[PDB]
$ cat input33.pdb   # PDB, C-alpha atoms
ATOM      1  CA  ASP A 220      21.991 -47.382  96.244
ATOM      2  CA  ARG A 221      20.811 -46.376  99.800
ATOM      3  CA  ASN A 222      22.003 -42.709  99.676
ATOM      4  CA  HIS A 223      19.270 -40.814 101.693
ATOM      5  CA  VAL A 224      20.748 -40.476 105.257
ATOM      6  CA  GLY A 225      18.624 -38.825 108.012
ATOM      7  CA  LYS A 226      19.418 -38.937 111.767
ATOM      8  CA  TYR A 227      20.340 -42.639 111.390
ATOM      9  CA  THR A 228      23.475 -43.310 109.266
ATOM     10  CA  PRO A 229      23.859 -46.764 107.418
ATOM     11  CA  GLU A 230      26.649 -47.431 110.028
ATOM     12  CA  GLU A 231      24.207 -46.734 112.966
ATOM     13  CA  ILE A 232      21.524 -48.975 111.402
ATOM     14  CA  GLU A 233      24.044 -51.800 110.712
ATOM     15  CA  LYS A 234      25.319 -51.240 114.305
ATOM     16  CA  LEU A 235      21.795 -51.515 115.847
ATOM     17  CA  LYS A 236      21.319 -54.788 113.873
ATOM     18  CA  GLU A 237      24.841 -55.942 114.994
ATOM     19  CA  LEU A 238      24.053 -55.214 118.678
ATOM     20  CA  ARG A 239      20.530 -56.683 118.122
ATOM     21  CA  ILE A 240      21.902 -60.226 117.606
ATOM     22  CA  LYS A 241      24.903 -59.712 119.984
ATOM     23  CA  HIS A 242      22.666 -58.619 122.954
ATOM     24  CA  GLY A 243      19.321 -60.204 121.920
ATOM     25  CA  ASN A 244      16.604 -57.940 123.444
ATOM     26  CA  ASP A 245      18.697 -55.092 125.059
ATOM     27  CA  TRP A 246      17.325 -52.271 122.800
ATOM     28  CA  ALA A 247      17.930 -49.847 125.716
ATOM     29  CA  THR A 248      21.689 -50.595 125.577
ATOM     30  CA  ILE A 249      21.664 -50.476 121.702
ATOM     31  CA  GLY A 250      20.068 -46.969 121.643
ATOM     32  CA  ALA A 251      22.255 -45.854 124.623
ATOM     33  CA  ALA A 252      25.382 -46.671 122.529
ATOM     34  CA  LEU A 253      23.963 -44.992 119.352
ATOM     35  CA  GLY A 254      22.745 -41.809 121.166
ATOM     36  CA  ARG A 255      19.182 -42.610 119.978
ATOM     37  CA  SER A 256      15.841 -43.594 121.574
ATOM     38  CA  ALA A 257      15.647 -47.345 122.471
ATOM     39  CA  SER A 258      11.982 -47.294 121.346
ATOM     40  CA  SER A 259      12.937 -45.707 117.965
ATOM     41  CA  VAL A 260      15.811 -48.177 117.061
ATOM     42  CA  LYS A 261      13.428 -51.028 118.051
ATOM     43  CA  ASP A 262      10.552 -49.594 115.912
ATOM     44  CA  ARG A 263      12.912 -48.845 112.946
ATOM     45  CA  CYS A 264      14.220 -52.462 112.937
ATOM     46  CA  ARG A 265      10.692 -53.905 113.547
ATOM     47  CA  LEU A 266       9.311 -51.976 110.519
ATOM     48  CA  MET A 267      12.446 -53.194 108.565
ATOM     49  CA  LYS A 268      11.083 -51.696 105.293
ATOM     50  CA  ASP A 269       9.963 -48.037 104.873
ATOM     51  CA  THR A 270       6.903 -46.869 102.845
ATOM     52  CA  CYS A 271       8.515 -43.576 101.672
ATOM     53  CA  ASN A 272       5.890 -43.164  98.866
ATOM     54  CA  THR A 273       2.183 -42.442  99.500
ATOM     55  CA  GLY A 274       1.217 -44.430  96.345
TER      56      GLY A 274
END
$ encode --input "input33.pdb" --output "structure tokens"
Amino acid sequence: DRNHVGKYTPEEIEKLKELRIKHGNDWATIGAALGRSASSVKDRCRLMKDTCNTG
């Protein structure tokens, strides 16, 4: 279960990861396709996990 969609859909995230390997380092082009910030798709993928809980 991954049902908790925000601005990024599981398709958009899979697509950024698809384009990530397919382009290599062209995060600008990835975000430009997705209609998102290049910096934000790069940071989202870099984090990989997400600490949703405080503790």
$ residues_near_point --input "input33.pdb" --point "(18.5, -51.2, 118.4)" --cutoff "6 Å" --atoms "only C-alpha atoms" --output "VMD selection string"
chain A and resid 235 239 246 249 to 250 260 to 261
$ axis_aligned_box --input "input33.pdb" --around "stretch 237-241 of chain A" --padding-each-side "6 Å" --output "lines of an AutoDock Vina configuration file"
center_x = 22.7
center_y = -57.7
center_z = 117.5
size_x = 16.4
size_y = 17.0
size_z = 17.0
$ atom_distance --input "input33.pdb" --atom1 "atom CA of residue A:223" --atom2 "atom CA of residue A:251"
23.7 Å
$ residues_around --input "input33.pdb" --residues "residue A:232" --least-positions-apart "6" --cutoff "10 Å" --atoms "all atoms listed in the file" --output "PyMOL selection string"
chain A and resi 238+253+260+263-264
$ atom_distance --input "input33.pdb" --atom1 "atom CA of residue A:225" --atom2 "atom CA of residue A:272"
16.3 Å
$ atom_distance --input "input33.pdb" --atom1 "atom CA of residue A:271" --atom2 "atom CA of residue A:224"
13.1 Å
$ closest_residue --input "input33.pdb" --among "A:236, A:220, A:248, A:226" --to "residue A:265" --atoms "all atoms listed in the file"
A:236
$ decode --input "input33.pdb" --residues "chain A" --atoms "C-alpha atoms" --output "CSV table (one decimal), in the first residue's frame"
chain,number,residue,atom,x,y,z
A,220,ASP,CA,0.0,0.0,0.0
A,221,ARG,CA,1.3,3.5,-1.1
A,222,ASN,CA,-2.1,5.3,-1.1
A,223,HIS,CA,-1.2,8.9,0.1
A,224,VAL,CA,-0.8,10.9,-3.2
A,225,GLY,CA,0.2,14.6,-2.9
A,226,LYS,CA,1.3,16.8,-5.8
A,227,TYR,CA,3.4,13.9,-7.1
A,228,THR,CA,1.4,10.8,-8.3
A,229,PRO,CA,3.0,7.2,-8.2
A,230,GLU,CA,3.1,7.5,-12.1
A,231,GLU,CA,5.0,10.9,-11.9
A,232,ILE,CA,7.5,9.4,-9.4
A,233,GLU,CA,8.0,6.2,-11.4
A,234,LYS,CA,8.3,8.5,-14.5
A,235,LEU,CA,11.0,10.7,-12.8
A,236,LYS,CA,12.9,7.5,-12.0
A,237,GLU,CA,12.4,6.2,-15.6
A,238,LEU,CA,13.7,9.4,-17.1
A,239,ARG,CA,16.5,9.4,-14.4
A,240,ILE,CA,18.2,6.3,-15.9
A,241,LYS,CA,17.1,7.1,-19.5
A,242,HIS,CA,18.7,10.7,-19.4
A,243,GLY,CA,21.3,10.2,-16.6
A,244,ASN,CA,21.6,13.7,-15.0
A,245,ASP,CA,19.1,15.8,-17.0
A,246,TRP,CA,16.8,16.6,-13.9
A,247,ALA,CA,15.8,19.9,-15.7
A,248,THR,CA,14.3,17.9,-18.6
A,249,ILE,CA,12.7,15.4,-16.1
A,250,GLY,CA,10.9,18.2,-14.2
A,251,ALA,CA,10.1,20.1,-17.4
A,252,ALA,CA,8.2,17.0,-18.7
A,253,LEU,CA,6.4,16.4,-15.3
A,254,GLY,CA,5.5,20.1,-14.8
A,255,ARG,CA,7.5,20.1,-11.5
A,256,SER,CA,10.6,21.8,-10.2
A,257,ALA,CA,13.9,20.1,-11.4
A,258,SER,CA,15.4,20.8,-7.9
A,259,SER,CA,12.3,19.1,-6.2
A,260,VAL,CA,12.3,15.9,-8.4
A,261,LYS,CA,16.0,15.6,-7.8
A,262,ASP,CA,15.7,16.2,-4.0
A,263,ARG,CA,12.7,13.8,-3.8
A,264,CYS,CA,14.6,11.0,-5.5
A,265,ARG,CA,17.8,11.8,-3.5
A,266,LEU,CA,15.9,11.5,-0.2
A,267,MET,CA,14.4,8.2,-1.6
A,268,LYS,CA,12.7,7.5,1.7
A,269,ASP,CA,10.4,9.9,3.6
A,270,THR,CA,10.4,10.4,7.5
A,271,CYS,CA,6.6,11.1,7.7
A,272,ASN,CA,6.6,10.5,11.5
A,273,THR,CA,8.3,12.7,14.0
A,274,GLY,CA,9.0,9.7,16.3
